[PDB]
Amino acid sequence: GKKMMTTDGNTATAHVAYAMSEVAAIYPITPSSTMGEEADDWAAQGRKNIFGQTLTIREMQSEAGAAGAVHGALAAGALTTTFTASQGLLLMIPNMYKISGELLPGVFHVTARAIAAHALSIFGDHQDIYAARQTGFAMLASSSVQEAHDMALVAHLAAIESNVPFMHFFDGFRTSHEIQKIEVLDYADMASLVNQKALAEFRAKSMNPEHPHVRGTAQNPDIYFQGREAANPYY
Amino acid sequence: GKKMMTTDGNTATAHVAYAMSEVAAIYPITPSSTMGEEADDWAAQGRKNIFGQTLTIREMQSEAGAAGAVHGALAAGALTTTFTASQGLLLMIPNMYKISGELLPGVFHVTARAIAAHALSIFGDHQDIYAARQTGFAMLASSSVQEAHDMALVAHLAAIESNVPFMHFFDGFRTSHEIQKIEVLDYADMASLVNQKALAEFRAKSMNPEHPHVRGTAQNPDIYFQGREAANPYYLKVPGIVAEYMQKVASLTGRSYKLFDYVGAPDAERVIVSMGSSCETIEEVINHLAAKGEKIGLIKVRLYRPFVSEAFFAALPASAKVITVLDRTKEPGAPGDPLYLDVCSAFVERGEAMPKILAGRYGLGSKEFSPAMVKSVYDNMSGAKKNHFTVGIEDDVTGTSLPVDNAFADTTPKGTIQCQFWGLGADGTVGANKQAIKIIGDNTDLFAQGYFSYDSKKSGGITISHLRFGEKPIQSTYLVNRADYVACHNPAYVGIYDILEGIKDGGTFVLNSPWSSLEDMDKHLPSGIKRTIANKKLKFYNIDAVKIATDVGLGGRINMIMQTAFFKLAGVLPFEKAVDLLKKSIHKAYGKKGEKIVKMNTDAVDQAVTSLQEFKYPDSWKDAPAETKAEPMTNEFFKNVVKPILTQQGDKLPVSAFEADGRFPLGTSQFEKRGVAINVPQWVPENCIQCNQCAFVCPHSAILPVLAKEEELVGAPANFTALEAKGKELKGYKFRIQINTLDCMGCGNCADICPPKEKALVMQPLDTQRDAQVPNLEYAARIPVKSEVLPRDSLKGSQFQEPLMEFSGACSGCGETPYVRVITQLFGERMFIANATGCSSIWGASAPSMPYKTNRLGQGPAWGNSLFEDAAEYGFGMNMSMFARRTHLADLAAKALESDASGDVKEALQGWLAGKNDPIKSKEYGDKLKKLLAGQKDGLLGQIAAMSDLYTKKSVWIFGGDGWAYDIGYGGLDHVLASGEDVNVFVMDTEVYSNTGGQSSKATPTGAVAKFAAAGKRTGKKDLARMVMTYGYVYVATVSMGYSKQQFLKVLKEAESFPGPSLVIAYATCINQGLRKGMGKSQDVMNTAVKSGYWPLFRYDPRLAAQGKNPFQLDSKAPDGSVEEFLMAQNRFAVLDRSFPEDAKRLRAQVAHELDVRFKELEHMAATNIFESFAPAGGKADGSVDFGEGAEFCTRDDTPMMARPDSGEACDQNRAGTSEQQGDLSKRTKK
Amino acid sequence: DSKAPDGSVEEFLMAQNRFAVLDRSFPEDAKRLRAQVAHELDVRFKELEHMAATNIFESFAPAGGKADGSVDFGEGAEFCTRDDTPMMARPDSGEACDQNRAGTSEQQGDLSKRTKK
Amino acid sequence: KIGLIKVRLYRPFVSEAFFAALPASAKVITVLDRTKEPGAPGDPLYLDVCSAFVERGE
Amino acid sequence: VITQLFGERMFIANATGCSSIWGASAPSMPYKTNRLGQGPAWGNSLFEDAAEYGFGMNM
Amino acid sequence: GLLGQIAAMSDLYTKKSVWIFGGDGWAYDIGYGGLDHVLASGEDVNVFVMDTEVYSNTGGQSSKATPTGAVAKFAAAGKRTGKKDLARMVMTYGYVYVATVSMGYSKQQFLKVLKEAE
Ligand SMILES: Cc1ncc(C[n+]2csc(CCOP(=O)(O)OP(=O)(O)O)c2C)c(N)n1
Ligand SMILES: Cc1ncc(C[n+]2csc(CCOP(=O)(O)OP(=O)(O)O)c2C)c(N)n1
Ligand code: SF4
Ligand code: SF4
Ligand code: SF4
Ligand SMILES: [Ca+2]
Ligand SMILES: [Mg+2]
Ligand SMILES: [Mg+2]
């Protein structure tokens, strides 16, 4: 069940991310890099997620590349996350509308960092999460190392059940690199909270040539507005 | 000074952009493409900007590329713009923060277009501009063609003075493609308004090594917040500067604007706040309602950012009691849309009275926002006062929609002629209308507006034009719904579309058809049309336009006869004046020329006017009676959703009719059966050699090879002629090539390819073929497809497989579709397709038509379109999923080999495990597992049973055109191939950006004419193939169907099976290429492209390298010496020869030199003994080690970037010198 | 500009910890991949030598002058060069053309000839 | 007499839940934003909060 | 040494990375002008765009 | 006049030298599409890539420039794909000057390349 632990915001959230995800399409960017590096180390160490499997992490050529990959893994029925921040989050924006437009249970864990304008800053603020405000993602904030663990858990579980992609965020450095004595749950406790019927429905509506569908159609004025409004129920 | 002009929003703004800019870093995206192409054309024509120089326009690899270039041009002191929209604007966002943070006077001109979420739309809305809201750009909206001209001017001028970058936007299509008679300023007048001080200041603060500075520094917590806030002055000053130029331009034009503008009743109680073209229509409805007593008004927002509340309140009537804020966007989950949120802000900031603010959303993706919809917004303010509503749709899932009464009266100014024209694609209707507006606008003092609707179909598509003419300015930014004039130019529309909806009582309806006698017209006109005509007392006119066209020798071209009908009957102009104006225009214009063709045109005009007399229908049409159904069975979904959409009634579909994630079912095209071919092939059984090459080659899957044993031909129609099957394996069968006359597009590739000199296929008119072959095609469909009889990957054998991509909207003779149909014939039931945006995705899935279909077992291609820039990675993701999921199935399987599960189960489980990545063995055992595990719901076995859709090995394909592979998606493709993973990419190379209009690609060859390469491409074609062959572990091949169908199937078979990344590039013929004898020669041109050495064929198989064999295999022969003829037979090369002969000769000589050296290098590659080896894959082993483990010196630095949980231990940071230096120092110091 | 491999890769790699850690942690995999890198640079240098001794070259011409004039790809084409979609619609789009629905030039001329009436 | 409303779910913004956390006694309330949107009438959280109060109509 | 050969005439479009972090992480600016006040005009746009940032300066 | 305008342009008189600096992560990965398009352009720019064979600043993450068997983040058991050949890929253009340098081996080859590239 519970396990006491002194760690920082990044690892407290990577703890959950790993257990709740199957695939992860990654790109490094300060200050969320620790999350992806840990998930990769834990996969080499053969750590297992809630399905008893090591996570499939692959590094991309950019965060647009990774977001492109995250939308694909989700479309094909695998729980998927990614760890990013600021300039990286910006490159995931076109895909974020697609990931939410297609009602996919993705989860982004972002260490909210500043955007380069007059100067670049690897430091903490909400300029970036606010930039993805309009993408249709649910946004769940954390104000501490211990809440990073908890909101990371709620984000994953609710995205699976609701089908609305989530973006769990916490402050760059101020929370991601702050170490605290917290308490984390065990992977099994997390596994028990999962809505299996929602998870079975996710798999079933996914892309498979044995029961195909076409996604990403081009739409005219006659039907685009209606199609855009059809997701209201989920939100 | 002033110049009157009839143009669209794009050109009105490109006019100004060109003048005000020095540089332009560009990328094409619908609907802003026209602005960049025009600037490029004007730069070639020697047009000069206000500095006396032609603009420097360069096309980039993407809009992130262009924006990065725009930032650099500005930082280096040059006025710069760019033209973009939606997905494009999104890629510019990171640089927009940089551009504005660095206080650069950039100006972006965007045609506000929708964002791709559930589906992509090239249509108009504010989802994109609102997405760049936080970037620091100033935002200045336009609501009309005329305003686009003026706001473009204000934007440039203010950006220079204030140093805050600007983004001038106007609605996609609604304004950018609406044509209007406007007035534009001269470049000198613009030049006079420029603040020279600000300009010199701009030049001096710019990047220069002669007075350098550092920009783009990295900042810590100590100073970042202050530095971000230091630009506040400029943002405080920008609205005053905008207002300043709004006045300066107004003293030259006479058209005044404010940051926010009120219109309507001074003591209005119900006010609407809006932005964009919706304002024009809203003002037009106000004028009608207020004149009737209604206390209403509107606030037009010009400067959206900065939002200046003082300016907003300066426009708000004190009398306003209810006010609704309209947003042309949708931000899911937000407490309210952008403008609404801003307005709410101003009211609380005020701290006084709260008027009751309602939120409303409209026009997503060009949804109509009509007077009836505007009236409804106002009624809501006096009635139900429903909040967070939508207008223009029927929301029946979440009830957010406002009721709309379409019987609301016409609100267009008094004395406005409204006309509708229904044409066939490529019949000249649009061009004739555009010319009709030019003539009237230039020879009268009437206001003119023109707006056109097009089809998603590329060939045989419908067109519906909407024009308005009047003495009062036209603010009607909505389609014509109450017509004075309706023209149906294709007689076939009479029975399928609602041609007469809303035509005014007593309006005129002219129809092009040969149904001249009453008996004919009665027989061909639906009763619905007869009643309407009779009850609305319409002046109906019939004219056989094809006969007159032929009789005068114009050979059926009706453009000029229908144009004549309009000038004579539309009533916009006097008969005499119109025809005089008309004939002078015929004289002046014209395609080929000669005084003779001119004469045929003057003949058609006069032959038409004499035949243009009313068709005096009987009174009995009032009570004409309904027809009994004689239509085929269909889908519940085709019947319910797709058909209504196809007959143009899509807006009547409520929201419940669509899937929330936006998915569509495969195979909807199976019932379209448009029958738009003029000529379809006819099989001639006596000459057939039973080769199936006709079927293989069809761009639409319109030829059906039939192979049946006699007992299957029992209920076969008398004329279902079938030859005895030729073949060792095919003895008892009967063979018949069955033409699908209704799905055929009339291209000719098949007949052209048919081997016998005495052709087995001959083109014939569709009428001579349909009665016989429609029923035959119906019967032939019942015949089981003999997929087992011959090898799936043999020519003849592949055409005895079910094609899983049929009847798409691709153009007749398309060079792309034949390739994708046969790939499906080899792998269709196991494939995932990650399609890049482009032609591929437009004929692949533009709703409601879905060409991809499932086989008799319900299996087919899982198709998806993510974005233009990510196809490769979208597919790599699907593959990561199968890896993870199938790996999970394998662990389960390896575990269940320990349960009380039957021996049958375990043997099939070991089987599946043994050949899991083998498509044959994974299936052979996967199907056993499907049977043995049926009904199992509990335990390792129950979980395994729920994973049957993962048993057979899938085949991940990534499809894309050349622009995707060579430009925009290139970095991602390169990274995915570099991954070593099993994915297959199929690049259809048209050597140009096809779908968006022929823009230059890096795949475009030297000398080819295209947009952005308008005097011939001056850089050679990028060698993508050779670039990726440098990897050693990637299968690479080039194919060309017309040259070798068997090399193509060999490539497909060797690429799909390669346990790694495959890259197959195929030569795709396209209409943009200009094949001079038709697209029916595509197969022949693909042949010649190889034979001339233009497109050599080769294969690079890394697995041979692993056996000591040379992986590079050349499949085609040396240049035969026909490139010159090959090039000259295509207009993309031949136009230069006519226009710039001296240059053409050189570039064509260069292309020949190029392919000569290239074939030589290819031959050099094939003869080498030196080759990169290859090892299949690598197993997922446990264990990992950090790079800094056990190092002698520090392996990481003191910065926050390298800080990790376990960082911080003491180490030697290289400040004491080398190990040896230290050891020596130490020994020299003993003490 | 450089000479053929002097056979010291093994030493050059083992002198760096990015390579040496693997040898300590995963000895057989390290020996494998170090043998791979040596093989790769060998094949590569040979490929570079092949380039150097070649007689087949891609030519080059410096630049190109900013000349006046341009022509549209669809100018004077026999068949439709643009489709019926909103994407391809331009200010001067709209004139009548052969959209390839009646077959090849030859097919039509033949059909016409076979149909005199 | 001071307090704080901590936002966990930023999107969807649920006004009902925001007011569920607001003391009826609140008389001045300041909204803190960790961002800067140049020229916008106000930052994101501020705009959302102002929205909930006008929507309320109280 | 590159600046020792072309420094006075150069524009630098630098991509994000170590290059941009030792090149200009405030308040330290290693790039300097010569006795004649000439020197490299230095700028960092983004990580993904250096080539095109530099292409623009040249445009 | 014309002359006063020309005098205001003195910072433009001498030919400038546009350089593009970047590490391997930039050239081989993230900025690769753009680099490839800029060299394809045929314009006069010079790009200097400092190849550390890894993403240095962010903490040693693997790059496509990372050789086979090198230990880095995301290649923690040795990078299992060879080093991408950026040099040879761009040499396919024919109209792009491509060179490689290593100071420790030859300072004069390095000065030669710079002088020849610029
Ligand atoms: C980021 C972005 N910018 C541009 C576009 C518009 N666009 C998409 S497809 C395309 C060109 C298609 O070219 P190609 O890959 O050759 O495909 P084709 O149509 O020729 O087969 C363009 C410019 C877009 N959808 N997204
Ligand atoms: C779009 C984006 N994502 C990622 C980053 C974070 N990032 C900046 S530089 C860098 C790696 C630096 O690598 P390289 O180009 O090899 O330079 P080096 O430090 O090795 O000299 C990364 C991952 C960023 N700034 N922006
Ligand atoms: S004419 Fe073209 S579309 Fe018709 S069957 Fe032949 S190849 Fe197919
Ligand atoms: S191409 Fe001609 S000869 Fe061959 S199967 Fe078809 S109709 Fe028969
Ligand atoms: S690739 Fe060319 S011929 Fe094919 S659908 Fe596109 S525009 Fe038409
Ligand atoms: Ca493969
Ligand atoms: Mg193309
Ligand atoms: Mg590096």
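Structure determination for this entry, per the PDB record, employed X-ray crystallography and reached 2.31 Å resolution.

Caption draft 1: Expanded view of the site of ligand 1. All names here are of chain B. Taken together, 23 residues sit near ligand 1, with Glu63, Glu816, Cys839, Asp962 and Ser994 positioned nearest. A distance of 2.5 Å separates an oxygen atom of ligand 1 from a polar side-chain atom of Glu816. In the environment of ligand 1, an oxygen atom lies 2.8 Å from a nitrogen or oxygen atom belonging to the side chain of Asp962. Its free accessible area being 590 Å², ligand 1 has 98% of it covered by the protein chains. Listing elements by their share of the shell around ligand 1, those giving two or more residues are α4 (86-101) and α33 (962-968). Considering each element in turn, the shell around ligand 1 owes the most residues, four residues, to α33.

Caption draft 2: How the structure looks around the interface of chain B and chain A. With 118 residues of chain B at the interface, the matching set in chain A holds 93 residues. Taken over both partners, the interface formed by chain B and chain A buries close to 9000 Å², and the fraction arising from carbon and sulfur atoms is 59%. The interface formed by chain B and chain A includes five salt bridges. Where B:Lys954 meets A:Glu210, a salt bridge forms, and the shortest distance between an N and an O atom there is 3.0 Å. For the pair chain B and chain A, the number of links is 40 residue pairs in polar contact. No other element matches helix α29 (residues 871-896) of chain B, which puts 13 residues into the side of chain B that touches chain A. In terms of residue class, the side of chain B that touches chain A is made up of 52 nonpolar, 39 polar and 27 charged. Where strand β10 (residues 214-215) of chain A meets strand β31 (residues 862-865) of chain B, two bridges bridge the pair, whose relative direction is parallel. Along β31(B), the bridge assignment pairs A:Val214 with B:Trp863.

Caption draft 3: Examining the coordination of the calcium ion (ligand 6) more closely. Residue and element names in this part refer to chain B. Of the protein atoms, only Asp982 (OD), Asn984 (OD1), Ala1055 (O), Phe1058 (O) and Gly1060 (O) coordinate the calcium ion (ligand 6), at distances of 2.5 to 2.9 Å. Of note, the calcium ion (ligand 6) draws all its donor residues from one chain, in the sequence arrangement D-x1-N-x70-A-x2-F-x1-G. Like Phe1058, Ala1055 is buried.

Cut-offs applied
Residues numbered from 1 in each chain as written, not as in the entry; some residues may be left out. Chains lettered and ligands numbered in written order. Part of a larger assembly, values for the part shown. Heavy atoms only, no water. Near = heavy atom within 4 Å. Polar contact = N/O pair within 3.5 Å; in protein donor to acceptor, adjacent residues only side chain to side chain. Areas by Shrake-Rupley, 256 points an atom, 1.4 Å probe, with all protein chains shown as cover. Helix = DSSP H or I, 4+ residues; strand = E, 2+ residues; numbered from the N terminus. Contact = heavy atoms within 4.5 Å. Buried area = accessible area lost by both parts, 1.4 Å probe. Salt bridge = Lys/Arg side-chain N within 4 Å of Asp/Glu carboxyl O. Nonpolar A, V, L, I, M, F, W, Y, C, P; charged D, E, K, R; others polar. Pairing = 2+ DSSP bridges. Donors = N, O, S within 2.8 Å, 3.2 Å for Na, K, Ca; no water. Buried < 20%, exposed > 50% of the residue type's maximum accessible area, 1.4 Å probe, protein only.

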